[PDB]
Each structure stands twice: as C-alpha cells, then as structure tokens.
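Under this note's numbering, the first residue of the sequence shown carries the number 4, and numbering increases by one thereafter. We treat Cβ as the ideally placed atom computed from N, Cα and C, and that holds for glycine. Please read the structure below before turning to the comments.
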Amino acid sequence: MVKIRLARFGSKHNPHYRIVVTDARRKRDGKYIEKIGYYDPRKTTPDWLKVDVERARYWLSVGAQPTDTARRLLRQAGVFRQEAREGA
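Structure representation (structure tokens):
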C-alpha cells in the first residue's frame with residue numbers, strides 16, 4: 004500500500020502540505036515512509052510546488068498511487084516525464 008498525497012501540517016500558522024509517501028490514511032498521528040514532494044497553497048506567486056521528481060519517481064515506480072491532487076502536482080513537478088526548454 005503506497006500512495007503519495009498532500010500532508011497537512013500547519014494548523015493555524017502556515018497552510019502548507021507536503022507530497023509525502025505514506026499508507027492510505029493516517030491512523031493516530033500520520034506518518035510517511037519518506038518525503039518526496041512539497042506543496043504550498045499560496046495565492047501570491049506561481050511558485051509553491053517543490054518536488055524531487057527523482058524521489059517522487061521512486062514511489063510512482065513502486066506502484067505508488069498519488070491522489071488526484073498530488074497526481075496533478077507530480078505532473079507539475081515534472082515527474083511523469085522529463086521537461087526541457089526546446090526552441091533556443
């Protein structure tokens with residue numbers, strides 16, 4: 004059972020979730036096997052998604068199921084496929 008999703012930590016200080024790899028759902032405190040991505044729902048500038056597609060790819064490589072949100076962030080972090088700046 005490996006799934007990557009957003010980990011809500013901030014309670015009343017800074018709203019930020021990480022794209023971490025844990026079970027289907029927390030049980031008592033919430034723990035993951037490792038942290039591959041990071042997410043920050045900030046409505047200021049387009050620069051809050053920070054993932055290590057390499058580690059985030061380790062999980063997607065072990066049949067890791069990313070929720071619809073973390074799934075759309077693994078594609079944003081350039082995880083499903085490499086990205087480049089063609090035309091130059």
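Beta-carbon proximity of residue i to residue j, cut-off 8 Å
| i | j | result |
| --- | --- | --- |
| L9 | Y35 | no |
| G40 | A80 | yes |
| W51 | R45 | yes |
| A91 | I22 | no |
| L76 | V56 | no |
CA-to-CA distance, residue j to residue i, given in whole angstroms
| i | j | result |
| --- | --- | --- |
| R31 | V82 | 30 Å |
| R78 | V24 | 16 Å |
| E37 | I7 | 10 Å |
| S14 | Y20 | 11 Å |
| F12 | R28 | 14 Å |
| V5 | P69 | 9 Å |
| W62 | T47 | 30 Å |
Reduced DSSP category for residue i - H, G, I as helix; E, B as strand; rest coil
| i | result |
| --- | --- |
| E37 | strand |
| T72 | helix |
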